[PDB]
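If you use PDB author numbering, the sequence shown corresponds to residues 18 to 175, 192 to 463, in order.
Ideal Cβ placement from N, Cα and C applies to all residues, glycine included.
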Amino acid sequence: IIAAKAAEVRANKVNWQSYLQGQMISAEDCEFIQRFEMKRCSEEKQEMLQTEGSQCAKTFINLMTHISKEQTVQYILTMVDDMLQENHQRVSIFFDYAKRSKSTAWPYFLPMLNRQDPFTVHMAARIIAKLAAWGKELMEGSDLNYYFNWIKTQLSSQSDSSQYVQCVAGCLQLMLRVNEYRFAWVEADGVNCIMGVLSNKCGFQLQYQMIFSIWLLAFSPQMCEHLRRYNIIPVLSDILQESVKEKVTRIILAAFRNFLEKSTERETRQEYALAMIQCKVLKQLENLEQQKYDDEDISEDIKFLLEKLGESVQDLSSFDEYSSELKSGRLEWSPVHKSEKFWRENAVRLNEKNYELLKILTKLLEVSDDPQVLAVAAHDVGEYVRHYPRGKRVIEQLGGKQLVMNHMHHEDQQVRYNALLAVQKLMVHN
């Protein structure tokens with residue numbers, strides 16, 4: 018509705034001389050606003066901004082401050098945003114006005130977000146985002162903190194409300210366009226509020242814009258490293274199936290690619306990929322690969338994520354990491370457990386150190402009260418039988434045969450299921 022409101026406001030001009038008669042503004046301010054209304058061509062606008070640039074933002078701000086009429090307020094902000102859409106360099110006029118006034122441009126506009134009209138405040142915010150992104154000065158300090166609090170509160174509301198939160202999210206994206214503003218945003222907890230809104234399941238455009246924000250943050254190593262705490266991957270794994278829209282799918286895949294690209298360490302990239310595989314990203318990546326799309330960008334994102342997921346599972350399939358998991362007791366369905374490639378080649382290696390890994394498994398098959406650990410141990414005994422035929426006597430000696438034959442009667446459905454599988458693999462031959 019933002020464009021429709023903009024057009025309605027462009028039509029809804031009002032006599033600016035009324036405010037001069039009321040002495041709410043200066044005669045020069047009224048003159049500038051009327052002259053800019055009539056100076057519609059690009060050359061005329063350039064002439065106005067170049068000859069009376071000091072008067073320009075002064076006029077806008079004076080009228081905005083001293084006039085209650087939301088018609089005029091929205092008209093002023095619509096004109097400014099139209100100027101910035103025609104040529105986004107126009108921020109220079111406002112910056113020059115502020116510098117000539119011996120101040121920065123923000124205190125003049127941040128209080129304006131306290132006004133009532135949603136259109137007024139949200140096009141004001143759009144103009145602030147344009148100014149911050151395309152300006153030379155960095156948003157900083159209390160002004161930036163107040164703007165972050167305002168974006169936070171407006172986002173938390175999650192429809193006309195949603196269509197204005199579109200402006201809110203677009204302003205946040207424009208801010209994050211700059212690396213330093215991304216650092217400031219991470220200093221703020223606004224990403225947690227982003228995740229809160231996403232959990233609240235906002236509309237399609239808002240979800241797309243928020244994941245666009247995440248992609249902007251993920252472009253950097255430090256913020257990628259520090260924002261892990263929000264467990265982005267599972268929520269977006271489910272959203273990539275629910276919110277099918279191609280823009281949404283593409284932006285999640287791009288965010289994942291940025292995460293894996295800019296994660297600081299090999300171990301860091303490995304945490305991200307391990308979370309993705311535990312959250313079943315890889316299967317949907319295969320499905321998208323079966324699917325096709327009209328640009329090489331989505332193709333490259335899919336291929337990169339596919340290759341790196343494959344490499345990550347290969348790394349997880351290390352027999353050393355399997356030994357570490359067994360030693361720590363973390364028998365919790367790591368991909369190495371269901372990686373047949375590891376099993377077929379390394380089943381003999383479990384015999385090392387006088388069958389230390391098999392002893393760990395069998396000991397857990399009597400010590401474990403944990404359903405997950407017990408079922409995993411039973412399944413791994415089954416796999417050891419399946420992939421090292423000579424190990425049947427070893428498991429007999431270690432008692433795994435009888436332990437699984439007992440745990441088939443375990444109180445837990447999953448433990449019974451895995452133990453039954455293992456004992457079935459056991460009795461296959463004389």
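Looking at the backbone, the Cα of residue 201 and that of residue 122 are separated by about 20 angstroms. Taking 7 angstroms as the cut-off, the Cβ atoms of residue 75 and residue 114 count as close. The segment 54–70 makes contact with the segment 102–114, as at least three CB pairs between them are under 8 angstroms. Between residue 444 and residue 462, the alpha-carbon positions lie close to 28 angstroms from each other. Residue 140 places its beta carbon less than 7 angstroms from that of residue 98. Within the same chain, Cβ atoms closer than 7 angstroms to the Cβ of residue 233 are found at 175, the five residues on either side in sequence being excluded. For residue 77 and residue 148, the gap between their C-alpha atoms comes out near 15 angstroms. In this structure, the alpha-carbon of residue 447 lies about 49 angstroms from that of residue 214. Judged by DSSP secondary structure, residue 170 falls within the alpha helix (DSSP H) whose first and last residues are 158–173. In this structure, DSSP gives residue 122 a state outside helix and strand, which the three-state scheme calls coil. Shown here, residue 117 sits in a helix according to DSSP, grouped into three states.
Residue burial annotation: residue 173 is exposed, with fewer than 16 other C-beta atoms found within 10 angstroms of its C-beta.
Note that the segment 291–301 does not touch the segment 319–336; fewer than 3 beta-carbon pairs, one per stretch, sit closer than 8 angstroms. Distance from the Cα of residue 40 is smallest, within the candidate group 20, 412, 18 and 80, for 80. In this structure residue 144 touches residue 101 by the C-beta definition: roughly 7 angstroms separates them, less than 8 angstroms. DSSP places residue 33 in the coil class of the three-state scheme, outside both helix and strand. Close CB contacts of residue 197 within its chain, under the 7 angstroms cut and outside five residues either way in sequence, are with 135 and 139 (chain order). A straight-line Cα-Cα distance of about 15 angstroms links residue 150 and residue 160. For residue 300, the enclosing alpha helix (DSSP H) stretches over residues 299–311. Nearest C-alpha to residue 133 among 91, 162 and 410: 91. An exposed status is given to residue 460, since fewer than 16 other beta-carbon atoms sit within 10 Å of its beta-carbon. In the displayed model, residue 336 falls within a helix according to three-state DSSP.
Rounded to whole angstroms, the separation of the alpha carbons of residue 388 and residue 380 is 11 angstroms. By the CB criterion at 7 angstroms, residue 456 and residue 427 fall outside the cutoff. Around the Cβ of residue 343, a 10 Å sphere holds fewer than 16 other Cβ atoms; the residue is exposed.
Linking residue 372 to residue 351 through their CA atoms gives a straight-line distance of about 10 angstroms. Taking residue 88 as the centre and dropping the five residues before and after it, the same chain places the C-beta of 29 and 31 closer than 6 angstroms to its C-beta, in chain order. For residue 336 against residue 270, the beta-carbon gap comes to about 19 angstroms, at or over 8 angstroms, which does not count as contact.
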